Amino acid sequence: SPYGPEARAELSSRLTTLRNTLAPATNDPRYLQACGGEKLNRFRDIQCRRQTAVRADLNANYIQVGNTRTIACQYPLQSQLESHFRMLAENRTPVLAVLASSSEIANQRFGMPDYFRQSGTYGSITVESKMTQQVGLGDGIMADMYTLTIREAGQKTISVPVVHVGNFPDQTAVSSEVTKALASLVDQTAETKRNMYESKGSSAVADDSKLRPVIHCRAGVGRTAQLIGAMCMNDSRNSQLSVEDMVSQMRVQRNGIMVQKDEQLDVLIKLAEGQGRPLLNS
């Protein structure tokens, strides 16, 4: 009964209501609005919760799901790259997971700058990209890894591990098995980098706002939310956190579209079921 169609329909009912409530009004006080006259949102209907916004000029949010702290963001616009790199650096980012495919990035119509596979200078910030390992995730899906070294006068230099799912399927959802493998890789990568900072006595370890994995696809609501849900289920601190909790939490903390497609919710439900984790709150 817990994972039957009745429970799934009830979960969908609750989540649909929340999406509606969270729909942005014109000039919505709950959502970040552009400053300085620069385009902020990649998609007009996919907005950034103001109270959890990371930077005034990015579509990006702090998200905590149970105990699991991350940042979810859109793929940065060309105009946003310097700010995006400063966010990555200031966060001492232990892993940047990019879930937009190489095909998506290559479509110049989509305006997704190839910012992590290439070196470049963006205003005051110089970025060096290096290729590292490649890890298979299942079903031929491959995680290509990089390190981004971010340099800027007046700032400490920071290197950021990157996990890029370069052949993320463009038209279909990835399986629970691939999602699990991806969550494990992203978590493991973040743990290794966080450990390095701890070993150096970084003050960032004691700051709630820092050392957060940063995750984006194109809009940072579909594949991004699926991954974040799987990561929170990997976190041993999150016993008894329901699927209803995780999705409502992502939604209130970023926008109502988090877990955009039923196909993505299907995967979270399957993962939850595998763990005997509740779908619904009693």
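Residue numbers here begin at 1 and follow the sequence given.
- The PDB entry reports B-factors from which the mean C-alpha value can be compared for 153-161 and 203-211; the larger average falls on 203-211.
- Legend: mean Cα B-factor per stretch from the PDB entry, 28-36 versus 219-227; the higher mean is in 28-36.
- Out of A89, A173, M142, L96, it is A173 whose C-alpha atom has the highest B-factor in the PDB entry.
- Residues shown: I71, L182, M131, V135. Highest C-alpha temperature factor in the entry: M131.
- In this PDB entry, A106 carries a Cα temperature factor that places it within the highest third of its chain's modelled residues.
- Among all modelled residues in this chain, the alpha-carbon of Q260 has a temperature factor (C-alpha) in the middle third.
- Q80 sits in the middle third of its chain by CA B factor, as recorded in the PDB entry.
- Ranked against the other modelled residues of its chain, the C-alpha B-factor of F168 as given in the entry falls in the highest third.
- When the modelled residues of the chain are ordered by C-alpha B-factor, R194 sits in the middle third.
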